[PDB]
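> Residue numbers (the authors' numbering): 4 to 104. I have a structure here, written as structure tokens, and I will follow up with some questions on it.
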Amino acid sequence: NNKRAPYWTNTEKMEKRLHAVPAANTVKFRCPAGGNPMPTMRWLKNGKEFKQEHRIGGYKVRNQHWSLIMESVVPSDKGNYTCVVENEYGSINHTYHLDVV
């Protein structure tokens, strides 16, 4: 049980690309990837990176992987979300198109 690349379970193309981001609200980030118990993922929004250790208003993640919720009241202006999940066997990148409402 170490770090092993997680295979995407749910298509992000059908639940992450075209989405609706409510201004002054928390952003729902989905990146389901079944794999080992050590999944590493980077968060990039419109060319901006945000560490889980620090988030606008707070940071919450389910267990460790699958779903991740971040609070974006100001950054919401940027409706570009790209999920890059890295592992000990490689790094993957995913782009999503959110719209500011």
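Beta carbons are placed, not taken as given, at the ideal position from N, Cα and C, and that holds for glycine.
Looking at the unbroken beta strand (DSSP E) that takes in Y92, where does it start and where does it end?
Per DSSP, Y92 belongs to no beta strand (DSSP E) and is neither H nor E.
> Which complete beta strand (DSSP E) runs does the segment 28-55 hold, if anything under 3 residues is left out?
28-34 and 43-48
> Could you tell me the boundaries of the beta strand (DSSP E) in which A23 lies?
Here the beta strand (DSSP E) through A23 covers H22 to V24.
> CA-CA distance, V76 and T43?
25 Å
> Buried or exposed for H68, please, with buried defined as at least 16 other CB atoms from any protein chain shown within 10 angstroms of its CB.
By the neighbour-count rule (16 or more Cβ atoms within 10 Å), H68 is buried.
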